[PDB]
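> One file is attached below, data_27.txt, containing compact mmCIF, N, CA, C and O atoms and all ligand atoms.
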```
# COMPACT_ATOMS: atom_id res chain seq x y z
N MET I 1 3.81 -9.43 -2.15
CA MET I 1 3.30 -8.26 -1.40
C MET I 1 2.95 -8.73 0.01
O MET I 1 2.75 -9.94 0.19
N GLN I 2 2.80 -7.79 0.94
CA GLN I 2 2.72 -8.07 2.39
C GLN I 2 1.34 -8.66 2.73
O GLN I 2 0.32 -7.99 2.51
N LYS I 3 1.35 -9.87 3.29
CA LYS I 3 0.16 -10.58 3.81
C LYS I 3 -0.14 -10.08 5.22
O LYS I 3 0.82 -9.76 5.99
N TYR I 4 -1.43 -9.99 5.55
CA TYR I 4 -1.88 -9.49 6.86
C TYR I 4 -2.85 -10.50 7.44
O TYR I 4 -3.62 -11.10 6.65
N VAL I 5 -2.86 -10.68 8.76
CA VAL I 5 -3.73 -11.68 9.42
C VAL I 5 -4.55 -11.02 10.53
O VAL I 5 -3.99 -10.20 11.30
N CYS I 6 -5.82 -11.40 10.63
CA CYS I 6 -6.77 -10.92 11.65
C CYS I 6 -6.33 -11.45 13.01
O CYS I 6 -6.20 -12.68 13.16
N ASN I 7 -6.07 -10.55 13.95
CA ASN I 7 -5.72 -10.92 15.35
C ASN I 7 -6.84 -11.68 16.07
O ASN I 7 -6.48 -12.44 16.97
N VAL I 8 -8.12 -11.54 15.69
CA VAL I 8 -9.25 -12.29 16.31
C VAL I 8 -9.45 -13.69 15.67
O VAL I 8 -9.41 -14.72 16.42
N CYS I 9 -9.58 -13.80 14.35
CA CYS I 9 -10.07 -15.05 13.70
C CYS I 9 -9.01 -15.66 12.79
O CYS I 9 -9.23 -16.78 12.27
N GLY I 10 -7.85 -15.00 12.66
CA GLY I 10 -6.74 -15.52 11.84
C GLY I 10 -7.05 -15.52 10.34
O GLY I 10 -6.31 -16.15 9.57
N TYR I 11 -8.08 -14.80 9.88
CA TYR I 11 -8.35 -14.65 8.43
C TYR I 11 -7.11 -14.03 7.79
O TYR I 11 -6.62 -13.05 8.35
N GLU I 12 -6.62 -14.61 6.70
CA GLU I 12 -5.45 -14.09 5.95
C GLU I 12 -5.91 -13.23 4.76
O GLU I 12 -6.66 -13.73 3.88
N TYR I 13 -5.50 -11.96 4.78
CA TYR I 13 -5.52 -11.06 3.60
C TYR I 13 -4.23 -11.27 2.79
O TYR I 13 -3.13 -10.83 3.18
N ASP I 14 -4.40 -11.92 1.68
CA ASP I 14 -3.31 -12.18 0.71
C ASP I 14 -3.55 -11.29 -0.50
O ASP I 14 -4.51 -11.55 -1.23
N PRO I 15 -2.71 -10.26 -0.78
CA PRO I 15 -3.02 -9.33 -1.86
C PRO I 15 -3.23 -10.07 -3.20
O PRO I 15 -4.03 -9.62 -3.99
N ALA I 16 -2.56 -11.21 -3.40
CA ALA I 16 -2.73 -12.03 -4.62
C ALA I 16 -4.19 -12.43 -4.81
O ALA I 16 -4.55 -12.70 -5.96
N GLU I 17 -4.99 -12.49 -3.75
CA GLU I 17 -6.41 -12.94 -3.82
C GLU I 17 -7.36 -11.75 -3.84
O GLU I 17 -8.58 -11.97 -3.78
N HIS I 18 -6.82 -10.54 -3.82
CA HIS I 18 -7.57 -9.27 -3.71
C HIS I 18 -7.01 -8.31 -4.73
O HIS I 18 -6.70 -7.18 -4.36
N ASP I 19 -6.89 -8.74 -5.98
CA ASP I 19 -6.59 -7.83 -7.11
C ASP I 19 -5.18 -7.20 -6.95
O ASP I 19 -4.87 -6.23 -7.65
N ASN I 20 -4.31 -7.78 -6.13
CA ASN I 20 -2.95 -7.25 -5.86
C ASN I 20 -3.05 -5.84 -5.25
O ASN I 20 -2.08 -5.03 -5.40
N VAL I 21 -4.19 -5.50 -4.66
CA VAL I 21 -4.34 -4.27 -3.84
C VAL I 21 -3.58 -4.47 -2.54
O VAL I 21 -3.90 -5.38 -1.76
N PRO I 22 -2.57 -3.62 -2.22
CA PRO I 22 -1.88 -3.73 -0.93
C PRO I 22 -2.88 -3.51 0.22
O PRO I 22 -3.83 -2.79 0.07
N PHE I 23 -2.67 -4.17 1.35
CA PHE I 23 -3.60 -4.02 2.49
C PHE I 23 -3.75 -2.54 2.87
O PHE I 23 -4.88 -2.08 3.15
N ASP I 24 -2.64 -1.78 2.89
CA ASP I 24 -2.67 -0.38 3.40
C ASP I 24 -3.48 0.52 2.46
O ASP I 24 -3.85 1.64 2.88
N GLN I 25 -3.84 0.06 1.27
CA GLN I 25 -4.60 0.87 0.28
C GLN I 25 -6.08 0.47 0.27
O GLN I 25 -6.86 1.15 -0.42
N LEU I 26 -6.45 -0.63 0.94
CA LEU I 26 -7.87 -1.04 1.10
C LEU I 26 -8.59 0.14 1.72
O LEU I 26 -8.03 0.83 2.55
N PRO I 27 -9.86 0.43 1.38
CA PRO I 27 -10.57 1.48 2.08
C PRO I 27 -10.45 1.34 3.61
O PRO I 27 -10.47 0.24 4.17
N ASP I 28 -10.36 2.48 4.30
CA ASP I 28 -10.19 2.57 5.78
C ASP I 28 -11.22 1.72 6.53
O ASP I 28 -10.86 1.16 7.57
N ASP I 29 -12.44 1.63 6.03
CA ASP I 29 -13.54 0.96 6.77
C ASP I 29 -13.67 -0.52 6.36
O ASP I 29 -14.68 -1.17 6.77
N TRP I 30 -12.71 -1.05 5.59
CA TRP I 30 -12.70 -2.50 5.25
C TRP I 30 -12.69 -3.30 6.57
O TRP I 30 -11.86 -3.01 7.45
N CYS I 31 -13.48 -4.36 6.64
CA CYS I 31 -13.51 -5.24 7.84
C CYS I 31 -13.22 -6.70 7.49
O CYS I 31 -13.50 -7.15 6.36
N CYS I 32 -12.73 -7.43 8.49
CA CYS I 32 -12.49 -8.89 8.39
C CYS I 32 -13.78 -9.56 7.95
O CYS I 32 -14.83 -9.31 8.54
N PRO I 33 -13.76 -10.37 6.87
CA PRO I 33 -14.98 -10.98 6.36
C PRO I 33 -15.58 -12.04 7.29
O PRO I 33 -16.81 -12.34 7.20
N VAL I 34 -14.76 -12.54 8.21
CA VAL I 34 -15.19 -13.57 9.21
C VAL I 34 -15.69 -12.93 10.50
O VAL I 34 -16.86 -13.20 10.87
N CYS I 35 -14.89 -12.13 11.19
CA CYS I 35 -15.26 -11.67 12.56
C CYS I 35 -15.67 -10.19 12.56
O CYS I 35 -16.25 -9.75 13.55
N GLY I 36 -15.47 -9.46 11.47
CA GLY I 36 -16.06 -8.10 11.28
C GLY I 36 -15.19 -6.98 11.84
O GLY I 36 -15.59 -5.77 11.74
N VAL I 37 -14.02 -7.30 12.39
CA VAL I 37 -13.12 -6.27 13.00
C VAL I 37 -12.46 -5.41 11.93
O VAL I 37 -12.27 -5.87 10.78
N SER I 38 -12.05 -4.22 12.36
CA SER I 38 -11.48 -3.16 11.51
C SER I 38 -10.00 -3.48 11.24
O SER I 38 -9.41 -4.41 11.88
N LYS I 39 -9.41 -2.74 10.31
CA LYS I 39 -8.07 -3.05 9.78
C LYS I 39 -7.01 -2.97 10.88
O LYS I 39 -5.99 -3.61 10.73
N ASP I 40 -7.20 -2.12 11.89
CA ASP I 40 -6.25 -1.92 13.01
C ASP I 40 -6.10 -3.22 13.81
O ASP I 40 -5.10 -3.34 14.52
N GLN I 41 -7.01 -4.18 13.66
CA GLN I 41 -6.91 -5.51 14.34
C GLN I 41 -6.10 -6.52 13.52
O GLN I 41 -6.21 -7.70 13.83
N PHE I 42 -5.42 -6.12 12.43
CA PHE I 42 -4.62 -7.00 11.55
C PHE I 42 -3.15 -6.77 11.87
O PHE I 42 -2.81 -5.63 12.22
N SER I 43 -2.35 -7.84 11.78
CA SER I 43 -0.86 -7.82 11.91
C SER I 43 -0.24 -8.36 10.64
O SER I 43 -0.77 -9.30 10.02
N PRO I 44 0.92 -7.84 10.22
CA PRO I 44 1.61 -8.41 9.08
C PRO I 44 2.01 -9.85 9.42
O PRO I 44 2.27 -10.20 10.58
N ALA I 45 2.00 -10.68 8.39
CA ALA I 45 2.33 -12.11 8.48
C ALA I 45 3.08 -12.54 7.22
O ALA I 45 3.48 -13.68 7.17
NI NI X 1 -11.27 -11.72 11.75
```
Can you present the structure in this file as structure tokens?


Amino acid sequence: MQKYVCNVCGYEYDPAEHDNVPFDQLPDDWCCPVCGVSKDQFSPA
């Protein structure tokens, strides 16, 4: 499934580590656990 990376802190969202929930299905207000930015600051990787 599609991995996403934080444009500020490079935190990797790997769906394998998040219950195989796709990034686009995470609640809208989900934030980067490191730098606190919103999902719109993530790029596919
Ligand atoms: Ni971040």

> Enclose the full set of atoms of segment 17-34 of chain I listed in the file within a box whose edges lie along x, y and z, apply 8 Å of padding to each of the six sides, and report centre and edge lengths in Å to one decimal as JSON.


```
{"center_x": -9.4, "center_y": -5.5, "center_z": 1.6, "size_x": 31.0, "size_y": 32.1, "size_z": 34.5}
```

> Find the distance between atom N of residue 20 of chain I and atom CA of residue 37 of chain I and write it in Å to one decimal.

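So the answer is 21.1 Å.
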
> In Å to one decimal, how far is atom CA of residue 27 of chain I from atom CA of residue 9 of chain I?

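Going from atom CA of residue 9 of chain I over to atom CA of residue 27 of chain I, I get 20.2 Å.
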
> Residues near residue 28 of chain I, anyone? I mean within 10 Å using only C-alpha atoms, not counting same-chain ones fewer than 3 positions away, as a CSV table (one decimal) with N, CA, C and O atoms, in the coordinates of the input.


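Result went into result.csv, see below:
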```csv
chain,number,residue,atom,x,y,z
I,23,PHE,N,-2.7,-4.2,1.4
I,23,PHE,CA,-3.6,-4.0,2.5
I,23,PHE,C,-3.8,-2.5,2.9
I,23,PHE,O,-4.9,-2.1,3.2
I,24,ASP,N,-2.6,-1.8,2.9
I,24,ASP,CA,-2.7,-0.4,3.4
I,24,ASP,C,-3.5,0.5,2.5
I,24,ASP,O,-3.8,1.6,2.9
I,25,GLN,N,-3.8,0.1,1.3
I,25,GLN,CA,-4.6,0.9,0.3
I,25,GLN,C,-6.1,0.5,0.3
I,25,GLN,O,-6.9,1.2,-0.4
I,31,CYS,N,-13.5,-4.4,6.6
I,31,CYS,CA,-13.5,-5.2,7.8
I,31,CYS,C,-13.2,-6.7,7.5
I,31,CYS,O,-13.5,-7.2,6.4
I,38,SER,N,-12.0,-4.2,12.4
I,38,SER,CA,-11.5,-3.2,11.5
I,38,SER,C,-10.0,-3.5,11.2
I,38,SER,O,-9.4,-4.4,11.9
I,39,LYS,N,-9.4,-2.7,10.3
I,39,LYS,CA,-8.1,-3.0,9.8
I,39,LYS,C,-7.0,-3.0,10.9
I,39,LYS,O,-6.0,-3.6,10.7
I,40,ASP,N,-7.2,-2.1,11.9
I,40,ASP,CA,-6.2,-1.9,13.0
I,40,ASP,C,-6.1,-3.2,13.8
I,40,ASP,O,-5.1,-3.3,14.5
```

> Check the smallest atom-to-atom distance from each of I:19, I:35, I:26, I:45 to ligand NI 1 (chain X) using only N, CA, C and O atoms and all ligand atoms, then report the winner.

I:35

> Residues at most 5 Å from residue 44 of chain I, counting all atoms listed in the file, excluding those fewer than 3 positions away in the same chain, as a short mmCIF file (atom, residue, chain, number, x, y, z; two decimals) with N, CA, C and O atoms, in the frame of the given file?


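Resulting contents of selection_17.cif:
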```
data_model
loop_
_atom_site.label_atom_id
_atom_site.label_comp_id
_atom_site.auth_asym_id
_atom_site.auth_seq_id
_atom_site.Cartn_x
_atom_site.Cartn_y
_atom_site.Cartn_z
N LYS I 3 1.35 -9.87 3.29
CA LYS I 3 0.16 -10.58 3.81
C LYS I 3 -0.14 -10.08 5.22
O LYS I 3 0.82 -9.76 5.99
N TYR I 4 -1.43 -9.99 5.55
CA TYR I 4 -1.88 -9.49 6.86
C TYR I 4 -2.85 -10.50 7.44
O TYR I 4 -3.62 -11.10 6.65
N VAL I 5 -2.86 -10.68 8.76
CA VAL I 5 -3.73 -11.68 9.42
C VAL I 5 -4.55 -11.02 10.53
O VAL I 5 -3.99 -10.20 11.30
#
```

> Residues within 5 Å of ligand NI 1 (chain X), counting all atoms listed in the file: report them as a short mmCIF file (atom, residue, chain, number, x, y, z; two decimals) with N, CA, C and O atoms, keeping the file's coordinate frame.


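As a result, out_39.cif now contains:
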```
data_model
loop_
_atom_site.label_atom_id
_atom_site.label_comp_id
_atom_site.auth_asym_id
_atom_site.auth_seq_id
_atom_site.Cartn_x
_atom_site.Cartn_y
_atom_site.Cartn_z
N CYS I 6 -5.82 -11.40 10.63
CA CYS I 6 -6.77 -10.92 11.65
C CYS I 6 -6.33 -11.45 13.01
O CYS I 6 -6.20 -12.68 13.16
N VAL I 8 -8.12 -11.54 15.69
CA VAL I 8 -9.25 -12.29 16.31
C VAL I 8 -9.45 -13.69 15.67
O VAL I 8 -9.41 -14.72 16.42
N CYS I 9 -9.58 -13.80 14.35
CA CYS I 9 -10.07 -15.05 13.70
C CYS I 9 -9.01 -15.66 12.79
O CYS I 9 -9.23 -16.78 12.27
N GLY I 10 -7.85 -15.00 12.66
CA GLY I 10 -6.74 -15.52 11.84
C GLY I 10 -7.05 -15.52 10.34
O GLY I 10 -6.31 -16.15 9.57
N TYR I 11 -8.08 -14.80 9.88
CA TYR I 11 -8.35 -14.65 8.43
C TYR I 11 -7.11 -14.03 7.79
O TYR I 11 -6.62 -13.05 8.35
N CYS I 32 -12.73 -7.43 8.49
CA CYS I 32 -12.49 -8.89 8.39
C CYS I 32 -13.78 -9.56 7.95
O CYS I 32 -14.83 -9.31 8.54
N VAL I 34 -14.76 -12.54 8.21
CA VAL I 34 -15.19 -13.57 9.21
C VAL I 34 -15.69 -12.93 10.50
O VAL I 34 -16.86 -13.20 10.87
N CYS I 35 -14.89 -12.13 11.19
CA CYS I 35 -15.26 -11.67 12.56
C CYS I 35 -15.67 -10.19 12.56
O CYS I 35 -16.25 -9.75 13.55
N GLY I 36 -15.47 -9.46 11.47
CA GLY I 36 -16.06 -8.10 11.28
C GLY I 36 -15.19 -6.98 11.84
O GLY I 36 -15.59 -5.77 11.74
#
```

> Tell me, in Å to one decimal, how far atom N of residue 2 of chain I is from atom C of residue 30 of chain I.

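Taking atom N of residue 2 of chain I and atom C of residue 30 of chain I, their separation equals 17.1 Å.
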
> As a list in words, which residues of chain I does DSSP assign to strand (DSSP E)?

residues 4, 5, 6, 12, 13, 42, 43 and 44 of chain I

> Go through chain I and collect every residue that DSSP, computed from the backbone, puts in helix (DSSP H, G or I); the answer should be as a ChimeraX atom specification.

/I:15-17,23-25,39-41
